[PDB]
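J.: Here is the input, now give the coordinates:
(10 chains, ligands or ions: 17)
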Amino acid sequence: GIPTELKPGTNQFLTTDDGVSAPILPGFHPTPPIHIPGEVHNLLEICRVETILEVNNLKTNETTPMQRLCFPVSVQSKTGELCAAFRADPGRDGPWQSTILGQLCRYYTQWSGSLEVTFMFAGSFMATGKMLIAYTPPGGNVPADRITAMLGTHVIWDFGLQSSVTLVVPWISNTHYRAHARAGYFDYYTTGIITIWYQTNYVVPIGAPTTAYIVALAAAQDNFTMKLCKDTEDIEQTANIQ
Amino acid sequence: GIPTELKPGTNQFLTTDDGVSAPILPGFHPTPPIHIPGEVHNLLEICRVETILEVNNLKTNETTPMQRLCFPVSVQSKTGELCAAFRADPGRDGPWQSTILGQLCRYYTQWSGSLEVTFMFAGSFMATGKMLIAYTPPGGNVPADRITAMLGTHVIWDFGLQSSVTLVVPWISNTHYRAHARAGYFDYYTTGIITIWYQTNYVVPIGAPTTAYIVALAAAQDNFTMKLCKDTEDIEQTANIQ
Amino acid sequence: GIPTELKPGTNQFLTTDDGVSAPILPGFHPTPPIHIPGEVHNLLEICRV
Amino acid sequence: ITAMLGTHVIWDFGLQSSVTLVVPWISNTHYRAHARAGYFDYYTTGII
Amino acid sequence: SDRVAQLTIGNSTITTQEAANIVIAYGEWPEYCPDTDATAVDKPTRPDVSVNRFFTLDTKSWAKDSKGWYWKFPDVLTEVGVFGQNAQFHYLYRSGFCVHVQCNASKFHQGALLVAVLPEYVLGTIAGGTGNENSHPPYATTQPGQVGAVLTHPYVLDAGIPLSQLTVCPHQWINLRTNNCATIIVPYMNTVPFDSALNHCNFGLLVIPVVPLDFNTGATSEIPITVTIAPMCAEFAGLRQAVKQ
Amino acid sequence: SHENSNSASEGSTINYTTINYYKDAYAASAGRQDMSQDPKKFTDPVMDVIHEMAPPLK
Amino acid sequence: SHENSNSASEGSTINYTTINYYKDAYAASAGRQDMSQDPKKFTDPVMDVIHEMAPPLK
Amino acid sequence: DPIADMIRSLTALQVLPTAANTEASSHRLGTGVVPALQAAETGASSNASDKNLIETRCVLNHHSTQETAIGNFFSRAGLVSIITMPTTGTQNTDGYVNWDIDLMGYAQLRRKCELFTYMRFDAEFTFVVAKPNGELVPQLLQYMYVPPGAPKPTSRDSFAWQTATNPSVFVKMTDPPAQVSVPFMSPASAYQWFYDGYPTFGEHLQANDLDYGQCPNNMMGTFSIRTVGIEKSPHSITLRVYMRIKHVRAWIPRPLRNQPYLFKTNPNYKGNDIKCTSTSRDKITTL
Amino acid sequence: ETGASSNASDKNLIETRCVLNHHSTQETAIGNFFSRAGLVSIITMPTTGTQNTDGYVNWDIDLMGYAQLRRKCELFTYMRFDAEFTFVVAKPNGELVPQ
Amino acid sequence: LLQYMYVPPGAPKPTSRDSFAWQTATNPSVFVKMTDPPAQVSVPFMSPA
Ligand SMILES: CCCCCCCCCCCCC/C=C\[C@H](O)[C@H](N)CO
Ligand SMILES: CCCCCCCCCCCCC/C=C\[C@H](O)[C@H](N)CO
Ligand SMILES: [Cl-]
Ligand SMILES: [Cl-]
Ligand SMILES: [Cl-]
Ligand SMILES: [Cl-]
Ligand SMILES: [Cl-]
Ligand SMILES: [Cl-]
Ligand SMILES: [Cl-]
Ligand SMILES: [Cl-]
Ligand SMILES: [Cl-]
Ligand SMILES: [Cl-]
Ligand SMILES: [K+]
Ligand SMILES: [K+]
Ligand SMILES: [K+]
Ligand SMILES: [K+]
Ligand code: NA
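T.: Numbering: from 1, shown residues only, chains lettered A, B, ... in the order given. Ligands and ions are numbered 1, 2, ... in the order given. Dropping the coordinates below:
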């Protein structure tokens, strides 16, 4: 017979090895395929789709979860008030976990790219207002006041026929890729902080609600990619599935 | 020697693996072949051949099995009477089990195609009559009366010099293939019901039998195919063969 | 199967053997390289210093 | 839910103050005589 | 010129002066089943205008505390007009749909409905609360008919999945300050070319108030929501007697 | 390798795309099966060929 | 070796550079994955195409 | 001729091996153009990109998109079943086991598949067997596939093990793990993880509401296993089955499961303890 | 009576649509039906008893002792073929020893 | 019989000999016997730098 020599690795079963295995049904032919709408080829196709961000993820909401899908704005009495804040880290525990983007990138160890958060105002047509939305890259904790937040990347949103506005969280990192950030050494990969401030005020005339809500949708932009496929922390077989 | 590495599957014996094994008799030459009529190449060649359907599969017949090979028609006193009924499911227990088609498709898990049942009238030459044969696709149990059965696919047969007529059970399924139907979740794959009714009446003059029989032959049409080879339930080694 | 015959050396692990081993992450792509001053290719480059 | 099965238009109030319902000629005869209770109800056009 | 629109099919026409475009699910228009994909051999019946037209179902009332509703297709129409009759007399059915959900208020009301289409909307039960009981939804819940049903736990769509991600499906929003309707065109989606209109619901239509309705007292409080749907390219096969289920 | 022609199926090879490393052909694998058929010898073995148009008995 | 075309992915092969030693295609490896995408069907399934320049509602 | 009345997809595929580049942009000050403003009501996601909201530099991005191709996401062997044949107890002192093929018993793989509504693929099954404590002994086993309708063995020596037509594998617990390729076998064009319907016609009385969601097109039969011998084997056996999807296609993405799984055959969830998709905090204004 | 099977097809009995059928006929080729290893014999050499405490056994080759394979072959009157024989051996309880 | 598994940063670490994490549906795992030769694999360059 032909001279061979077994090398290390012999007999091992590597779950990700892409090899050839003998076929159990010789000459078998599958049912032909038919056309079905909605075929996907790459997870990135999905990551570009906006899904709802749970900015209002309060402990007091847990029993009325629906209230987590949108946060409020209302007639202010003082100027420059902070409306809401949250981290931009998409693979981190928090608001992003509710998005399909967040869930999917948790199946990968690293990511790279610019993100996009679109805010839709759901108040009455008679309500007007201007908000300042800011992205503060790494380094400074939550800006203390609007005048400090204003120094970062931001958008000044005006309510009108266009119900929504888009804040861009441009990829501003030192490394080409970021691993998922979390407290500790890995905070090195944090993306930053998003803050929403009252630029002027929520104004409404007599006859309309003095409080309204905003829905936040988030997704990835075209330069987004992920790498190093891994298992997600977000699912557990706590007990046997019967 | 050449660097190799054993992969999973090593040493296994897969009964359907189509490999090469060393020859025990080197230089051996078989007896030459000679011409023999009747060579077959594909089971489908056989499935197209009509064989007898046991429509009259009664518990009271079991001891006089020959009586199962044909069912009767006779002078009716009432109009629109039902003559016989049975499922079209070919791989199911019942009338089809007596056909070579039924037996063979039991060696496969799935099938697809149109079937064909040909009825031969064996009464006297002086007997006349018209029957309505219907195929009721999935959904409705056995039609209660001829006027309901009439709404499905059917053929109105007239007795004459042409002793027989052919009912076509066209392939009308949702899936491209059907697995063998049986009570339970798999009833999803049932083919349907065949019913035979008196369109007019079996009429005969003085001097001829008032009861006669019909033989039913069944087979597959040209669009018939089977897939996923498997073992048949129809044979068992109840005890040792000596 | 193809006739083979194991030769001596079979199953051994030689620390300096330069072979091929199965990849654990199929389709994985490394972070691109960037330019960094001071690349060395041969120890002799250093011995001359 | 029964009326909905006939010829209809779903009108939305807005800057366009009006909407037009068309009563298409759907008759058996080429012409209709004036309908009124009795044999002549045969020529009725229908209901809006 | 994107806010105004007219939909005319069969002997029916819909108008709207506050639209927000139209969605074509997964970018595909409905179409009759082609000979390459088909398998059933009988020539189908394609009734055209008697079934591809707009049908308006029962109206629902939106309250400051509504949880949300859903309807299953083609269940909603199995007993309406000529479409239902064809669905009953045939084993096989196939079609697409034009879904038009209506809801208008005033420039002083507020709220936002998420209107989505979810293919193969399989429902789950709360498992006896504790999760030790393997209970299942009753026919009336899986196939609510033309009246539709109410979600008990919208946050998980009564199916253990996050409402927050439903936008990954064909959808539109009816945000009172912006538009008063949603329109989605849905193509046939299934693993088989034709199927039973009775045993299998291809998709579900969900209408959930994600941003609750609100208004100052004195303003009209009856804010209905109406669903009007039209089958498109309806095809039927496997004729026999009528079956309701 | 060019072999001895001793396979059981060579008069009219029901196979034709086999694999082999030995000098004897019968050691070869089964190969891909061909799709030839001739159902007529079983379904219509009649002398005057009866058409599916006129009555089979005239 | 030239095989039987029975792979699950052949209508529009999501793969295309596979390895195989058996007569049945489905036994083949997964191969190198292609990088085709069509995000528009999910991100912009609207009739009049809204530009990123003017306001999406005119 | 004498009767006149008797007489598509706007989006397709592109190859994107790398992430999009960033073109350099400068300041834009003017009326009419307003890319930052959107209308999420349309159902479309925002079309705005970095260059429209800020001043950008040029970036030649070479990041690959290959690892997120569904093929690389799924073609990783995962556990789909654990079968045990103990020697003492109420389990299976019979020396054989018949397992109904259902892969929805383990969450990791299940959640990944349920990201889609329909999937079509081939699969590589690997069978890892050992004693319950991980030790190995010279035991001969036989694994057999019994498609729907084939006689299931009723004993360690039932005639069914003659396996004249069904495919069987004979392997030792000491040999490496057995491994085979399986084709796409549904009578449908694709396996479907969600079937909003019933398998048969009829009234759907609460007695048979367990029928709901059961799609026969996914029922692949039985997987049987036994120690090969007429006499009982003295060893308890633990068989772990791994599946690796290959040659895959997928349709219609859906929200990912966010409540623990309770049953193999349905999406039932524990109603008294409905988990929030995201962790919580005290104030919306504080991290 | 002629001995022929019916020549009628769907299009003659009903109105049909066009169907481009791609269902394969390959799996029913006799080669794929038969080329699947099946049990044809079980031979035993026990150490105690009246069986074969001799350490050897002579078996007359006859493959008709097991039904599954036999019924398949008997579907035909004559068959010509080559064969691959596999010999699976172990102790009666399935254990293996260096013999 | 042993199982070696790679748990990238962020992946759930097994907490017991039978933690669900060993289902290894996405992480790469190697199953080998102490009697087989030594397992061997190739690893790519994985830093985000
Ligand atoms: C000799 C080794 C035989 C191995 C045979 C394994 C066949 C398994 C085929 C995989 C089928 C995919 C799973 C299909 C459906 C899901 O389990 C459903 N949820 C069950 O209801
Ligand atoms: C070293 C290994 C030797 C293996 C030799 C096995 C030779 C067996 C040849 C197969 C012959 C086909 C069976 C022929 C006839 C049937 O058994 C008859 N029914 C017996 O009367
Ligand atoms: Cl040699
Ligand atoms: Cl992150
Ligand atoms: Cl050598
Ligand atoms: Cl059947
Ligand atoms: Cl071989
Ligand atoms: Cl809720
Ligand atoms: Cl073949
Ligand atoms: Cl790849
Ligand atoms: Cl045995
Ligand atoms: Cl485990
Ligand atoms: K292998
Ligand atoms: K061999
Ligand atoms: K190696
Ligand atoms: K690029
Ligand atoms: Na814009």
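J.: Next, residue E:99: phi, psi?
T.: Residue E:99 adopts backbone torsions of phi -110, psi 130, taken as degrees, to the nearest 10.
J.: Of all residues in chain E, which one is nearest the centre?
T.: Geometric centre of chain E, nearest residue: residue E:205, 3.5 Å, by C-alpha atoms, centre = their mean.
J.: Assign a three-state SS to that residue, would you?
T.: strand (DSSP: H, G, I helix; E, B strand; the rest coil).
J.: Residue of chain H closest to ligand 5, please.
T.: residue H:176 (23.9 Å; C-beta to the ion). From N, CA and C alone the C-beta is placed, and that goes for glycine too.
J.: tell me, how many neighbours does that residue end up with?
T.: 24 (other C-beta atoms under 10 Å in any protein chain shown).
J.: what's near enough to touch the closest residue to it other than its chain neighbours?
T.: Spatial nearest neighbour of residue H:176, excluding adjacent residues (C-beta to C-beta, 6 or more residues apart in numbering or on different chains): residue A:11 at 4.4 Å. Neighbouring residues of residue A:11 by C-beta atoms under 8 Å, 6 or more residues apart in numbering or on different chains: B:6, B:10, H:176, J:32, J:33, J:36, J:37.
J.: and residue 47, how many neighbours?
T.: In the absence of a named chain, this looks at chain A. 28.
J.: Please refer instead to chain E.
T.: Around residue E:47 there are 16 residues (other C-beta under 10 Å).
J.: before we move on, what about residue H:236?
T.: Residue H:236 has 16 neighbours, counted by other C-beta under 10 Å.
J.: next one: residue H:33
T.: 14.
J.: Would you state the helices of the stretch 101-250 of chain H in chain order?
T.: H:107-113 (DSSP state H, counting those that start in this stretch).
J.: Strands of the stretch 1-150 of chain H, residue ranges please.
T.: Listed in chain order, the strands of the stretch 1-150 of chain H (DSSP state E, counting those that start in this stretch) span H:14-15, H:37-38, H:78-85, H:96-100, H:116-130, H:140-146.
J.: looking at those strands, which is closest to ligand 1?
T.: strand H:140-146 (3.6 Å; C-beta to the nearest ligand atom).
J.: The residue of chain F found nearest chain A and residue J:26: what is the separation?
T.: Per C-beta to the nearest C-beta, residue F:33 is where chain F lies closest to chain A, at 5.8 Å. Relative to residue J:26, residue F:33 is positioned 39 Å away (C-beta to C-beta, to the nearest Å).
J.: for residue E:67, same thing?
T.: Residue E:67 sits 36 Å away from residue J:26, going by C-beta to C-beta.
J.: For the residue of chain E found nearest ligand 5, which non-adjacent residue is closest in space?
T.: Ligand 5 sits closest to residue E:191 of chain E, with a gap of 53.7 Å, by C-beta to the ion. Spatial nearest neighbour of residue E:191, chain neighbours left out: residue H:188 (4.0 Å); criterion: C-beta to C-beta, 6+ apart.
J.: Tell me which stretches of chain F form helices.
T.: F:40-43 (DSSP state H).
J.: Spell out for me which residue occupies the centre of it.
T.: Residue closest to chain F centre, computed by C-alpha atoms, centre = their mean, is residue F:14 at 4.7 Å.
J.: you'd agree it is up against residue F:33?
T.: Yes: counting by C-beta atoms under 8 Å, residue F:33 is a contact partner of residue F:14 at 7.0 Å.
J.: and for these two, which residues touch both?
T.: Counting by C-beta under 8 Å, 6+ apart, the residues touching both residue F:14 and residue F:33 are I:29, I:30, I:31.
J.: May I have the beta-bridge partners of the first one?
T.: Residue I:29 has the following beta-bridge partners by DSSP bridges: residue B:42.
J.: residues touching residue H:23, list them.
T.: Residues in contact with residue H:23 (C-beta under 8 Å, 6+ apart) are H:51, H:56, H:58.
J.: Mind doing that once more with 10 Å?
T.: H:49, H:50, H:51, H:56, H:57, H:58, H:59 (C-beta atoms under 10 Å, 6 or more residues apart in numbering or on different chains).
J.: got it, and residue E:185?
T.: Residue E:185 neighbours (C-beta under 10 Å, 6+ apart): E:7, E:22-25, E:28-30, E:96-100, E:117, E:170, E:230, E:232, G:45, G:47.
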